[PDB]
Ligand SMILES: CNC(=O)c1c(-c2ccc(F)cc2)oc2cc(N(Cc3cc(F)c4c(c3)COB4O)S(C)(=O)=O)c(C3CC3)cc12
(Lines give C-alpha, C1' and ligand atoms only; values in the text may rest on other atoms or scores of the structure.)
Protein backbone atom coordinates (compact mmCIF):
# COMPACT_ATOMS: atom_id res chain seq x y z
CA UNK A 1 0.00 0.00 0.00
CA UNK A 2 1.26 3.45 -0.96
CA UNK A 3 1.49 5.91 1.94
CA UNK A 4 -0.19 8.53 -0.26
CA UNK A 5 -1.85 8.93 -3.65
CA UNK A 6 -1.73 12.36 -5.33
CA UNK A 7 -4.02 14.13 -7.82
CA UNK A 8 -1.60 16.87 -8.90
CA UNK A 9 -3.39 19.73 -7.14
CA UNK A 10 -0.87 21.80 -5.19
CA UNK A 11 -0.63 22.13 -1.43
CA UNK A 12 -1.57 25.78 -0.99
CA UNK A 13 -0.92 28.33 1.80
CA UNK A 14 -3.65 30.07 3.86
CA UNK A 15 -1.57 33.22 4.41
CA UNK A 16 1.47 35.10 3.10
CA UNK A 17 4.69 33.13 3.72
CA UNK A 18 8.15 34.53 4.48
CA UNK A 19 11.26 32.42 3.76
CA UNK A 20 13.94 35.06 4.51
CA UNK A 21 14.86 36.15 8.06
CA UNK A 22 13.06 39.37 9.04
CA UNK A 23 15.37 42.04 10.46
CA UNK A 24 14.66 44.80 12.98
CA UNK A 25 16.72 47.03 15.31
CA UNK A 26 17.37 44.14 17.76
CA UNK A 27 18.44 41.46 15.23
CA UNK A 28 22.18 42.17 14.96
CA UNK A 29 22.68 42.08 18.74
CA UNK A 30 21.78 38.34 18.61
CA UNK A 31 22.75 37.11 15.12
CA UNK A 32 24.76 38.59 12.22
CA UNK A 33 24.82 35.87 9.51
CA UNK A 34 21.19 36.46 8.46
CA UNK A 35 21.29 34.50 5.17
CA UNK A 36 21.97 31.27 7.12
CA UNK A 37 18.49 31.42 8.68
CA UNK A 38 15.41 30.49 6.62
CA UNK A 39 11.78 29.43 7.01
CA UNK A 40 10.09 26.61 5.08
CA UNK A 41 7.10 27.39 2.85
CA UNK A 42 4.53 25.69 0.61
CA UNK A 43 6.92 26.18 -2.35
CA UNK A 44 8.86 23.07 -1.20
CA UNK A 45 5.73 20.93 -0.50
CA UNK A 46 6.28 19.01 -3.75
CA UNK A 47 9.74 17.90 -2.57
CA UNK A 48 8.34 16.60 0.73
CA UNK A 49 5.48 14.81 -1.09
CA UNK A 50 8.09 12.76 -2.98
CA UNK A 51 9.97 11.85 0.23
CA UNK A 52 6.87 10.76 2.20
CA UNK A 53 5.28 8.77 -0.67
CA UNK A 54 6.33 5.10 -0.85
CA UNK A 55 5.13 1.48 -0.66
CA UNK A 56 4.98 -0.27 2.74
CA UNK A 57 5.49 -4.01 3.19
CA UNK A 58 4.88 -5.68 6.56
CA UNK A 59 5.81 -9.15 7.76
CA UNK A 60 4.62 -9.92 11.29
CA UNK A 61 6.17 -12.77 13.29
CA UNK A 62 5.58 -14.38 16.70
CA UNK A 63 7.79 -11.86 18.57
CA UNK A 64 5.41 -9.12 17.32
CA UNK A 65 2.24 -10.94 18.40
CA UNK A 66 3.76 -11.97 21.77
CA UNK A 67 4.58 -8.35 22.68
CA UNK A 68 1.15 -7.15 21.45
CA UNK A 69 -0.58 -9.72 23.68
CA UNK A 70 1.41 -8.38 26.68
CA UNK A 71 0.53 -4.74 25.83
CA UNK A 72 -3.18 -5.64 25.52
CA UNK A 73 -3.08 -7.41 28.93
CA UNK A 74 -1.84 -4.17 30.49
CA UNK A 75 -4.34 -2.08 28.48
CA UNK A 76 -7.08 -4.34 29.87
CA UNK A 77 -6.45 -2.86 33.37
CA UNK A 78 -7.16 0.73 32.29
CA UNK A 79 -10.50 2.46 32.90
CA UNK A 80 -11.13 5.61 30.85
CA UNK A 81 -14.05 8.07 30.80
CA UNK A 82 -15.80 10.16 28.16
CA UNK A 83 -15.19 13.90 28.48
CA UNK A 84 -18.28 16.10 28.27
CA UNK A 85 -18.58 18.65 25.46
CA UNK A 86 -17.76 21.39 28.00
CA UNK A 87 -14.58 19.64 29.20
CA UNK A 88 -13.44 18.95 25.63
CA UNK A 89 -14.12 22.60 24.68
CA UNK A 90 -12.02 23.96 27.57
CA UNK A 91 -9.05 21.91 26.22
CA UNK A 92 -9.25 23.68 22.83
CA UNK A 93 -6.42 26.23 22.23
CA UNK A 94 -7.53 29.88 21.78
CA UNK A 95 -5.69 30.07 18.42
CA UNK A 96 -6.81 26.69 17.03
CA UNK A 97 -7.91 26.66 13.37
CA UNK A 98 -11.57 27.70 13.01
CA UNK A 99 -14.33 25.42 11.70
CA UNK A 100 -15.58 25.48 8.10
CA UNK A 101 -19.12 25.59 9.57
CA UNK A 102 -19.22 29.12 11.00
CA UNK A 103 -17.52 29.08 14.41
CA UNK A 104 -13.98 29.35 15.80
CA UNK A 105 -11.85 28.28 18.76
CA UNK A 106 -13.11 31.11 21.00
CA UNK A 107 -16.73 30.15 20.26
CA UNK A 108 -15.84 26.59 21.34
CA UNK A 109 -14.14 27.79 24.54
CA UNK A 110 -17.11 30.06 25.40
CA UNK A 111 -19.58 27.19 24.88
CA UNK A 112 -21.54 29.26 22.33
CA UNK A 113 -24.78 27.54 21.29
CA UNK A 114 -23.79 27.44 17.60
CA UNK A 115 -20.44 25.71 18.25
CA UNK A 116 -21.97 23.41 20.89
CA UNK A 117 -24.81 22.45 18.52
CA UNK A 118 -22.40 21.50 15.70
CA UNK A 119 -20.22 19.45 18.08
CA UNK A 120 -23.30 17.50 19.20
CA UNK A 121 -24.25 16.81 15.55
CA UNK A 122 -20.69 15.67 14.69
CA UNK A 123 -20.70 13.32 17.72
CA UNK A 124 -24.12 11.91 16.79
CA UNK A 125 -22.81 11.34 13.27
CA UNK A 126 -19.75 9.42 14.60
CA UNK A 127 -22.12 7.16 16.58
CA UNK A 128 -24.42 6.56 13.59
CA UNK A 129 -21.83 6.14 10.78
CA UNK A 130 -18.63 4.05 11.02
CA UNK A 131 -17.72 4.05 7.28
CA UNK A 132 -17.69 7.49 5.59
CA UNK A 133 -14.16 8.92 5.30
CA UNK A 134 -13.77 12.23 7.15
CA UNK A 135 -12.25 15.15 5.23
CA UNK A 136 -8.84 16.52 6.20
CA UNK A 137 -6.91 19.67 5.32
CA UNK A 138 -3.26 19.34 4.24
CA UNK A 139 -0.90 22.29 4.84
CA UNK A 140 2.81 23.02 4.60
CA UNK A 141 4.27 23.87 8.00
CA UNK A 142 6.29 27.08 8.28
CA UNK A 143 9.29 26.30 10.51
CA UNK A 144 12.68 28.02 10.93
CA UNK A 145 16.13 26.40 10.47
CA UNK A 146 19.81 27.11 9.82
CA UNK A 147 21.20 26.12 6.39
CA UNK A 148 22.81 22.66 6.10
CA UNK A 149 17.66 23.61 2.94
CA UNK A 150 14.96 21.29 4.28
CA UNK A 151 11.60 21.09 2.49
CA UNK A 152 8.47 21.95 4.49
CA UNK A 153 6.94 19.26 6.69
CA UNK A 154 3.26 18.52 6.06
CA UNK A 155 0.40 18.70 8.58
CA UNK A 156 -2.90 16.82 8.10
CA UNK A 157 -5.88 17.64 10.32
CA UNK A 158 -9.69 17.39 10.46
CA UNK A 159 -12.22 20.15 11.18
CA UNK A 160 -12.51 21.79 14.64
CA UNK A 161 -15.81 19.99 15.40
CA UNK A 162 -14.14 16.61 14.85
CA UNK A 163 -11.12 17.69 16.92
CA UNK A 164 -13.40 18.41 19.91
CA UNK A 165 -15.10 15.01 19.42
CA UNK A 166 -11.69 13.28 19.45
CA UNK A 167 -11.11 14.81 22.90
CA UNK A 168 -14.50 13.58 24.12
CA UNK A 169 -13.78 10.01 23.01
CA UNK A 170 -10.03 9.66 23.59
CA UNK A 171 -8.41 12.38 25.75
CA UNK A 172 -8.64 10.32 28.94
CA UNK A 173 -7.42 7.25 27.01
CA UNK A 174 -4.33 8.87 25.44
CA UNK A 175 -3.59 10.52 28.83
CA UNK A 176 -3.77 7.32 30.94
CA UNK A 177 -3.12 4.21 28.79
CA UNK A 178 0.45 4.64 27.45
CA UNK A 179 2.07 4.81 30.92
CA UNK A 180 0.22 1.68 32.07
CA UNK A 181 1.10 -0.23 28.88
CA UNK A 182 4.74 0.90 28.59
CA UNK A 183 5.62 1.65 32.23
CA UNK A 184 8.92 3.49 32.80
CA UNK A 185 9.62 3.34 29.01
CA UNK A 186 6.94 6.00 28.33
CA UNK A 187 9.01 9.20 28.00
CA UNK A 188 6.16 11.74 28.28
CA UNK A 189 5.64 11.09 32.03
CA UNK A 190 8.96 12.66 33.17
CA UNK A 191 9.97 16.25 33.84
CA UNK A 192 13.41 16.97 32.35
CA UNK A 193 15.01 16.36 35.79
CA UNK A 194 13.17 13.07 36.29
CA UNK A 195 14.12 11.87 32.78
CA UNK A 196 17.82 12.57 33.23
CA UNK A 197 17.63 10.76 36.60
CA UNK A 198 15.87 7.79 34.98
CA UNK A 199 18.46 7.64 32.18
CA UNK A 200 21.42 7.78 34.59
CA UNK A 201 20.03 5.09 36.91
CA UNK A 202 19.17 2.94 33.87
CA UNK A 203 22.77 3.22 32.61
CA UNK A 204 24.14 2.22 36.05
CA UNK A 205 21.66 -0.67 36.44
CA UNK A 206 23.63 -2.58 33.76
CA UNK A 207 26.98 -4.25 34.52
CA UNK A 208 28.44 -3.39 31.09
CA UNK A 209 26.04 -0.85 29.57
CA UNK A 210 25.55 -0.35 25.84
CA UNK A 211 22.95 1.96 24.31
CA UNK A 212 21.72 3.18 20.94
CA UNK A 213 19.25 5.56 19.34
CA UNK A 214 17.05 4.34 16.50
CA UNK A 215 15.38 6.88 14.19
CA UNK A 216 12.94 5.70 11.54
CA UNK A 217 12.85 7.45 8.17
CA UNK A 218 9.58 9.41 7.87
CA UNK A 219 7.83 7.42 10.62
CA UNK A 220 4.32 8.77 9.95
CA UNK A 221 4.46 7.34 6.40
CA UNK A 222 5.67 3.93 7.62
CA UNK A 223 2.55 3.53 9.77
CA UNK A 224 0.21 1.10 7.98
CA UNK A 225 -3.54 0.33 8.15
CA UNK A 226 -2.65 -2.74 10.24
CA UNK A 227 -0.66 -0.61 12.69
CA UNK A 228 -3.56 1.83 13.13
CA UNK A 229 -6.06 -1.07 13.60
CA UNK A 230 -3.75 -2.75 16.14
CA UNK A 231 -3.62 0.57 18.04
CA UNK A 232 -7.43 0.58 18.09
CA UNK A 233 -7.48 -2.99 19.45
CA UNK A 234 -5.25 -1.76 22.29
CA UNK A 235 -7.57 1.20 23.09
CA UNK A 236 -10.57 -1.15 23.02
CA UNK A 237 -8.99 -3.32 25.76
CA UNK A 238 -9.79 -0.48 28.20
CA UNK A 239 -12.88 -0.40 30.38
CA UNK A 240 -14.88 2.14 28.34
CA UNK A 241 -18.42 3.45 28.03
CA UNK A 242 -20.20 1.78 25.06
CA UNK A 243 -20.64 5.26 23.51
CA UNK A 244 -16.85 5.74 23.70
CA UNK A 245 -16.18 2.34 22.08
CA UNK A 246 -18.38 3.26 19.11
CA UNK A 247 -16.75 6.70 18.69
CA UNK A 248 -13.25 5.18 18.78
CA UNK A 249 -14.23 2.55 16.20
CA UNK A 250 -15.75 5.26 14.01
CA UNK A 251 -12.77 7.63 14.29
CA UNK A 252 -10.39 4.75 13.48
CA UNK A 253 -12.30 3.61 10.36
CA UNK A 254 -13.15 7.10 9.04
CA UNK A 255 -10.17 9.25 10.14
CA UNK A 256 -7.14 7.51 11.66
CA UNK A 257 -6.64 4.76 9.03
CA UNK A 258 -6.82 7.24 6.14
CA UNK A 259 -8.90 9.68 4.11
CA UNK A 260 -9.10 12.36 1.39
CA UNK A 261 -6.72 15.32 1.48
CA UNK A 262 -8.01 18.82 0.65
CA UNK A 263 -5.85 21.95 0.30
CA UNK A 264 -6.56 25.40 1.82
CA UNK A 265 -8.49 26.39 -1.34
CA UNK A 266 -10.86 23.38 -1.23
CA UNK A 267 -9.30 21.24 -3.97
CA UNK A 268 -8.74 17.48 -3.57
CA UNK A 269 -4.98 16.85 -3.39
CA UNK A 270 -5.18 13.06 -2.98
CA UNK A 271 -5.54 10.32 -0.38
CA UNK A 272 -3.73 9.19 2.80
CA UNK A 273 -3.14 5.58 3.93
CA UNK A 274 -0.77 6.36 6.82
CA UNK A 275 -0.60 8.33 10.08
CA UNK A 276 -2.19 11.79 10.06
CA UNK A 277 0.14 14.17 11.92
CA UNK A 278 -2.64 16.44 13.20
CA UNK A 279 -4.97 14.09 15.07
CA UNK A 280 -5.29 13.55 18.83
CA UNK A 281 -3.90 9.99 18.70
CA UNK A 282 -0.73 10.88 16.71
CA UNK A 283 1.58 10.97 19.75
CA UNK A 284 0.05 8.06 21.66
CA UNK A 285 -0.29 6.01 18.46
CA UNK A 286 3.31 6.56 17.35
CA UNK A 287 4.57 5.81 20.88
CA UNK A 288 2.61 2.54 21.14
CA UNK A 289 3.54 1.51 17.58
CA UNK A 290 7.23 2.35 18.02
CA UNK A 291 7.33 0.53 21.37
CA UNK A 292 5.62 -2.58 19.95
CA UNK A 293 7.88 -2.91 16.90
CA UNK A 294 11.06 -2.10 18.87
CA UNK A 295 10.30 -4.48 21.76
CA UNK A 296 9.70 -7.31 19.28
CA UNK A 297 12.94 -6.34 17.46
CA UNK A 298 14.90 -6.54 20.76
CA UNK A 299 13.73 -10.15 21.16
CA UNK A 300 14.75 -11.04 17.59
CA UNK A 301 18.19 -9.52 18.27
CA UNK A 302 18.45 -11.36 21.62
CA UNK A 303 19.46 -8.16 23.42
CA UNK A 304 19.99 -8.83 27.14
CA UNK A 305 18.24 -6.88 29.92
CA UNK A 306 16.78 -4.16 27.68
CA UNK A 307 15.40 -0.92 29.03
CA UNK A 308 13.66 1.09 26.31
CA UNK A 309 12.73 4.76 26.26
CA UNK A 310 10.16 5.85 23.70
CA UNK A 311 8.65 9.25 22.93
CA UNK A 312 6.56 9.28 19.75
CA UNK A 313 8.77 7.89 17.00
CA UNK A 314 11.99 8.52 19.00
CA UNK A 315 13.60 5.41 20.48
CA UNK A 316 16.55 4.62 22.74
CA UNK A 317 17.49 1.17 24.05
CA UNK A 318 19.92 0.69 26.94
CA UNK A 319 20.95 -2.91 27.58
CA UNK A 320 23.62 -5.31 28.87
CA UNK A 321 26.65 -5.50 26.54
CA UNK A 322 27.60 -8.92 25.19
CA UNK A 323 30.91 -7.52 23.86
CA UNK A 324 31.69 -4.91 21.19
CA UNK A 325 31.54 -7.25 18.14
CA UNK A 326 28.52 -9.12 19.52
CA UNK A 327 26.70 -5.84 20.23
CA UNK A 328 27.32 -4.59 16.67
CA UNK A 329 26.01 -7.87 15.22
CA UNK A 330 22.84 -7.74 17.34
CA UNK A 331 22.06 -4.16 16.14
CA UNK A 332 21.99 -5.35 12.51
CA UNK A 333 19.44 -8.04 13.45
CA UNK A 334 17.42 -5.37 15.28
CA UNK A 335 17.36 -3.12 12.20
CA UNK A 336 16.42 -6.10 10.00
CA UNK A 337 13.51 -6.90 12.33
CA UNK A 338 12.41 -3.25 12.47
CA UNK A 339 12.55 -3.11 8.67
CA UNK A 340 10.32 -6.19 8.28
CA UNK A 341 7.84 -4.38 10.56
CA UNK A 342 7.89 -1.45 8.00
CA UNK A 343 10.21 0.86 10.02
CA UNK A 344 13.64 1.04 8.35
CA UNK A 345 16.15 3.49 9.82
CA UNK A 346 17.30 6.85 8.46
CA UNK A 347 20.90 6.26 9.50
CA UNK A 348 21.93 2.83 10.79
CA UNK A 349 22.01 2.50 14.60
CA UNK A 350 25.36 2.78 16.43
CA UNK A 351 26.17 1.15 19.78
CA UNK A 352 27.46 3.64 22.39
CA UNK A 353 29.49 2.86 25.53
CA UNK A 354 29.19 6.38 26.96
CA UNK A 355 25.72 7.67 27.90
CA UNK A 356 26.62 11.22 26.79
CA UNK A 357 27.21 10.06 23.17
CA UNK A 358 23.59 8.95 22.61
CA UNK A 359 21.50 11.61 20.85
CA UNK A 360 17.70 11.38 20.93
CA UNK A 361 14.88 13.91 20.44
CA UNK A 362 17.88 16.01 19.30
CA UNK A 363 19.31 15.83 22.86
CA UNK A 364 22.13 14.28 24.87
CA UNK A 365 23.09 13.99 28.53
CA UNK A 366 26.01 16.10 29.73
CA UNK A 367 27.49 17.02 33.11
CA UNK A 368 28.15 20.23 35.01
CA UNK A 369 28.74 21.01 38.70
CA UNK A 370 26.47 22.60 41.32
CA UNK A 371 27.47 25.19 43.96
CA UNK A 372 28.92 22.44 46.21
CA UNK A 373 31.08 21.02 43.38
CA UNK A 374 28.98 17.88 42.99
CA UNK A 375 28.39 16.50 39.50
CA UNK A 376 24.93 17.21 38.10
CA UNK A 377 23.61 15.57 34.94
CA UNK A 378 21.33 17.51 32.59
CA UNK A 379 19.88 17.30 29.09
CA UNK A 380 21.19 19.65 26.42
CA UNK A 381 21.23 19.90 22.62
CA UNK A 382 22.98 21.55 19.72
CA UNK A 383 21.73 25.17 20.05
CA UNK A 384 21.73 26.03 16.31
CA UNK A 385 17.98 25.65 15.70
CA UNK A 386 16.89 27.26 18.99
CA UNK A 387 19.08 30.29 18.14
CA UNK A 388 17.90 30.56 14.51
CA UNK A 389 14.30 30.49 15.81
CA UNK A 390 15.16 33.06 18.53
CA UNK A 391 16.47 35.38 15.77
CA UNK A 392 13.20 35.11 13.79
CA UNK A 393 11.18 35.63 16.99
CA UNK A 394 13.24 38.73 17.82
CA UNK A 395 11.80 40.49 14.73
CA UNK A 396 8.44 38.67 14.29
CA UNK A 397 5.72 37.79 16.79
CA UNK A 398 4.81 34.11 16.22
CA UNK A 399 1.95 31.79 17.36
CA UNK A 400 4.39 29.77 19.49
CA UNK A 401 7.33 31.35 21.32
CA UNK A 402 10.03 28.70 20.90
CA UNK A 403 12.52 30.80 22.90
CA UNK A 404 10.27 30.53 25.96
CA UNK A 405 9.77 26.79 25.46
CA UNK A 406 13.54 26.40 25.17
CA UNK A 407 14.30 28.40 28.32
CA UNK A 408 11.89 26.19 30.29
CA UNK A 409 12.96 22.77 28.95
CA UNK A 410 16.72 23.54 28.56
CA UNK A 411 17.02 25.87 31.60
CA UNK A 412 20.17 24.17 32.98
CA UNK A 413 22.19 24.58 29.74
CA UNK A 414 24.85 27.23 29.35
CA UNK A 415 23.31 28.46 26.04
CA UNK A 416 19.73 28.90 27.35
CA UNK A 417 20.98 30.72 30.45
CA UNK A 418 23.64 32.95 28.91
CA UNK A 419 21.93 33.82 25.58
CA UNK A 420 18.16 33.18 25.54
CA UNK A 421 17.43 34.42 29.09
CA UNK A 422 19.67 37.47 28.68
CA UNK A 423 18.39 38.46 25.22
CA UNK A 424 14.65 38.00 25.79
CA UNK A 425 14.52 39.51 29.32
CA UNK A 426 16.24 42.59 27.87
CA UNK A 427 13.49 42.82 25.23
CA UNK A 428 10.75 42.22 27.83
CA UNK A 429 12.21 44.95 30.07
CA UNK A 430 12.30 47.49 27.22
CA UNK A 431 8.63 46.90 26.35
CA UNK A 432 7.52 46.41 29.99
CA UNK A 433 5.98 43.06 29.03
CA UNK A 434 7.31 40.88 31.90
CA UNK A 435 3.76 40.21 33.21
CA UNK A 436 2.22 39.43 29.79
CA UNK A 437 1.39 35.74 29.33
CA UNK A 438 2.84 34.19 26.16
CA UNK A 439 2.01 30.97 24.30
CA UNK A 440 4.60 28.20 24.14
CA UNK A 441 4.41 24.50 23.30
CA UNK A 442 5.59 21.69 25.61
CA UNK A 443 5.19 18.05 24.54
CA UNK A 444 2.80 19.30 21.81
CA UNK A 445 0.56 21.04 24.36
CA UNK A 446 0.08 24.83 24.31
CA UNK A 447 0.65 26.65 27.61
CA UNK A 448 0.11 30.31 28.47
CA UNK A 449 2.98 31.45 30.70
CA UNK A 450 4.08 34.76 32.23
CA UNK A 451 7.87 35.23 32.00
CA UNK A 452 7.84 36.41 35.65
CA UNK A 453 6.84 32.88 36.73
CA UNK A 454 9.92 31.27 35.11
CA UNK A 455 11.92 30.87 38.36
CA UNK A 456 9.24 28.68 40.02
CA UNK A 457 8.69 26.71 36.80
CA UNK A 458 12.43 26.02 36.39
CA UNK A 459 12.90 24.88 40.04
CA UNK A 460 10.01 22.40 39.77
CA UNK A 461 11.21 20.95 36.43
CA UNK A 462 14.99 20.89 37.05
CA UNK A 463 15.59 21.58 40.76
CA UNK A 464 17.27 24.56 42.42
CA UNK A 465 20.62 23.37 40.96
CA UNK A 466 19.61 24.78 37.54
CA UNK A 467 20.38 28.29 38.91
CA UNK A 468 23.94 27.48 40.07
CA UNK A 469 25.45 25.01 37.55
CA UNK A 470 29.06 25.71 36.51
CA UNK A 471 32.19 23.95 35.17
CA UNK A 472 30.44 22.71 32.05
CA UNK A 473 32.24 20.07 29.96
CA UNK A 474 34.84 21.08 27.30
CA UNK A 475 32.79 19.28 24.61
CA UNK A 476 29.61 21.20 25.46
CA UNK A 477 31.36 24.59 25.73
CA UNK A 478 33.12 23.96 22.40
CA UNK A 479 29.90 22.97 20.60
CA UNK A 480 28.19 26.14 21.87
CA UNK A 481 31.18 28.38 20.98
CA UNK A 482 31.40 26.84 17.49
CA UNK A 483 27.67 27.38 16.86
CA UNK A 484 27.97 31.07 17.83
CA UNK A 485 30.84 31.63 15.38
CA UNK A 486 28.81 29.77 12.71
CA UNK A 487 25.70 31.98 13.08
CA UNK A 488 27.60 35.20 13.88
CA UNK A 489 26.25 35.36 17.43
CA UNK A 490 28.38 37.38 19.87
CA UNK A 491 30.67 35.25 22.09
CA UNK A 492 29.71 34.18 25.63
CA UNK A 493 31.93 36.88 27.19
CA UNK A 494 29.64 39.53 25.66
CA UNK A 495 26.53 37.79 27.01
CA UNK A 496 27.93 37.77 30.58
CA UNK A 497 28.47 41.53 30.30
CA UNK A 498 24.89 41.99 29.06
CA UNK A 499 23.47 39.69 31.76
CA UNK A 500 24.95 41.87 34.51
CA UNK A 501 23.01 44.83 33.08
CA UNK A 502 19.80 42.85 32.61
CA UNK A 503 20.18 41.52 36.18
CA UNK A 504 20.67 45.05 37.59
CA UNK A 505 17.58 46.22 35.68
CA UNK A 506 15.44 43.35 37.04
CA UNK A 507 16.58 43.93 40.64
CA UNK A 508 15.72 47.65 40.25
CA UNK A 509 12.04 46.80 39.63
CA UNK A 510 11.64 44.67 42.79
CA UNK A 511 8.89 42.06 43.31
CA UNK A 512 8.71 39.02 41.01
CA UNK A 513 10.98 40.91 38.59
CA UNK A 514 13.79 41.04 41.19
CA UNK A 515 13.23 37.31 41.84
CA UNK A 516 13.97 36.70 38.13
CA UNK A 517 17.10 38.85 38.50
CA UNK A 518 18.28 36.97 41.61
CA UNK A 519 17.74 33.39 40.38
CA UNK A 520 17.97 33.41 36.57
CA UNK A 521 21.13 35.58 36.50
CA UNK A 522 23.16 34.57 39.58
CA UNK A 523 25.68 32.98 37.18
CA UNK A 524 26.50 36.48 35.87
CA UNK A 525 27.81 37.99 39.14
CA UNK A 526 31.32 37.53 40.61
CA UNK A 527 30.12 37.22 44.22
CA UNK A 528 27.11 34.85 44.11
CA UNK A 529 24.10 35.03 46.42
CA UNK A 530 23.17 31.79 48.24
CA UNK A 531 19.92 30.80 46.54
CA UNK A 532 17.24 29.30 48.80
CA UNK A 533 13.86 27.92 47.67
CA UNK A 534 11.14 30.23 46.28
CA UNK A 535 7.80 30.35 48.15
CA UNK A 536 -0.24 15.50 22.28
CA UNK A 537 1.96 16.46 19.29
CA UNK A 538 -0.47 17.89 16.70
CA UNK A 539 -3.30 17.02 19.11
CA UNK A 540 -4.76 20.52 19.50
CA UNK A 541 -4.40 20.61 23.33
CA UNK A 542 -4.35 23.60 25.72
CA UNK A 543 -3.66 24.18 29.46
CA UNK A 544 -3.45 27.18 31.83
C1 LIG B 1 14.68 9.92 22.96
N2 LIG B 1 13.85 9.60 24.07
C3 LIG B 1 13.84 10.45 25.18
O4 LIG B 1 12.90 10.29 25.99
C5 LIG B 1 14.73 11.69 25.30
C6 LIG B 1 16.16 11.84 25.39
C7 LIG B 1 17.19 10.91 25.37
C8 LIG B 1 17.01 9.60 25.81
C9 LIG B 1 18.11 8.73 25.87
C10 LIG B 1 19.38 9.20 25.64
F11 LIG B 1 20.39 8.40 25.73
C12 LIG B 1 19.59 10.56 25.29
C13 LIG B 1 18.50 11.41 25.19
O14 LIG B 1 16.46 13.16 25.60
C15 LIG B 1 15.28 13.86 25.64
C16 LIG B 1 15.06 15.23 25.84
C17 LIG B 1 13.75 15.74 25.86
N18 LIG B 1 13.66 17.20 26.08
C19 LIG B 1 13.68 18.08 24.98
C20 LIG B 1 12.38 18.26 24.17
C21 LIG B 1 12.19 17.64 22.99
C22 LIG B 1 11.00 17.81 22.32
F23 LIG B 1 10.78 17.21 21.14
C24 LIG B 1 9.98 18.67 22.87
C25 LIG B 1 10.18 19.25 23.99
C26 LIG B 1 11.41 19.05 24.70
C27 LIG B 1 8.95 20.10 24.38
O28 LIG B 1 7.94 19.82 23.41
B29 LIG B 1 8.52 19.04 22.37
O30 LIG B 1 7.58 18.12 21.74
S31 LIG B 1 13.67 17.73 27.61
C32 LIG B 1 15.30 18.35 27.95
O33 LIG B 1 12.65 18.77 27.79
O34 LIG B 1 13.39 16.63 28.55
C35 LIG B 1 12.63 14.86 25.73
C36 LIG B 1 11.23 15.39 25.72
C37 LIG B 1 10.06 15.43 24.80
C38 LIG B 1 10.05 14.49 25.96
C39 LIG B 1 12.87 13.47 25.51
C40 LIG B 1 14.20 12.98 25.45
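Heads up, the Cβs are rebuilt from the backbone with ideal geometry, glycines too, and the neighbour counts pull from every protein chain shown. Each answer follows from the model by the rule given with it, or from the source it names; no laboratory read-out is quoted.
Summary table
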quantity	calculated
Residues of region 483-513 that turn out to be farther than 21 Å from residue 413 by Cβ and under 32 Å from the mean Cα position of the chain (by Cα), as a count	2
Unique match (being crowded, with 22+ Cβ neighbours inside 10 Å, away from the ligand (no atom under 12 Å from the Cβ) and not assigned by CATH to the domain that holds residue 30) among 413, 394, 398, 324	394
When residues of region 444-464 are limited to those that are outside any helix (DSSP H, G or I) and surrounded by fewer than 16 Cβ atoms within 10 Å (Cβ to Cβ), the one farthest from the ligand (Cβ to nearest atom)	450
Qualifying helices (runs of 4 or more DSSP H) (wholly inside region 16-95; at least 3 residues being more than 25 Å from the chain's Cα centre (by Cα))	27-30, 62-75
Residue 78 vs. criteria closer than 30 Å to residue 245 by Cβ, touching a strand residue (DSSP E or B) at 6+ places or on another chain (Cβ under 9 Å), crowded, with 18+ Cβ neighbours inside 10 Å and in the same structural domain as residue 166 (by CATH)	yes
Residue among 306, 238 that is touching a helix residue (DSSP H, G or I) at 6+ places or on another chain (Cβ under 8 Å) and within 16 Å of the ligand (Cβ to nearest atom)	306
Among (1) surrounded by 13 or more Cβ atoms within 10 Å (Cβ to Cβ); (2) under 27 Å from residue 218 (Cα atoms) - the single one residue 55 does not satisfy	(1)
Odd one out for residue 366, checked against (1) farther than 21 Å from residue 58 by Cβ; (2) surrounded by fewer than 16 Cβ atoms within 10 Å (Cβ to Cβ)	(2)
Test: residue in region 155-167 that is within 30 Å of residue 394 (Cβ to Cβ), more than 16 Å from the ligand (Cβ to nearest atom) and exposed (fewer than 14 other Cβ atoms within 10 Å of the Cβ)	no
Given (1) over 30 Å from residue 338 (Cβ atoms); (2) outside the structural domain of residue 238 (by CATH); (3) touching a strand residue (DSSP E or B) at 6+ places or on another chain (Cβ under 7 Å), number of the condition residue 10 does not satisfy	(3)
Residue in region 491-513 that is in a helix (DSSP H, G or I), more than 16 Å from the ligand (Cβ to nearest atom), within 14 Å of residue 380 (Cβ to Cβ) and outside the structural domain of residue 198 (by CATH) present	no
Checklist (1) away from the ligand (no atom under 16 Å from the Cβ); (2) touching a strand residue (DSSP E or B) at 6+ places or on another chain (Cβ under 8 Å) applied to residue 291, failing item	(1)
Answer from 186, 171 - the residue that is within 16 Å of the ligand (Cβ to nearest atom) and either assigned by CATH to the domain that holds residue 319 or under 16 Å from residue 536 (Cα atoms) (or both)	186
Condition met for residue 477 (in a helix (DSSP H, G or I), more than 19 Å from residue 395 (Cβ to Cβ) and touching a strand residue (DSSP E or B) at 6+ places or on another chain (Cβ under 8 Å))	no
Region 334-377: number of residues that are assigned to a loop (DSSP other than H, G, I, E, B), within 16 Å of the ligand (Cβ to nearest atom), touching a helix residue (DSSP H, G or I) at 6+ places or on another chain (Cβ under 6 Å) and closer than 14 Å to residue 217 by Cα	2
Every residue from region 401-410 that is part of a loop (DSSP other than H, G, I, E, B) and either more than 9 Å from the ligand (Cβ to nearest atom) or more than 19 Å from the chain's Cα centre (by Cα) (or both)	401
Among residues of region 222-251, those that are part of a helix (DSSP H, G or I) and within 26 Å of the chain's Cα centre (by Cα), counted	14
Sole residue being farther than 30 Å from residue 312 by Cα and under 23 Å from the mean Cα position of the chain (by Cα), chosen from 424, 467	424
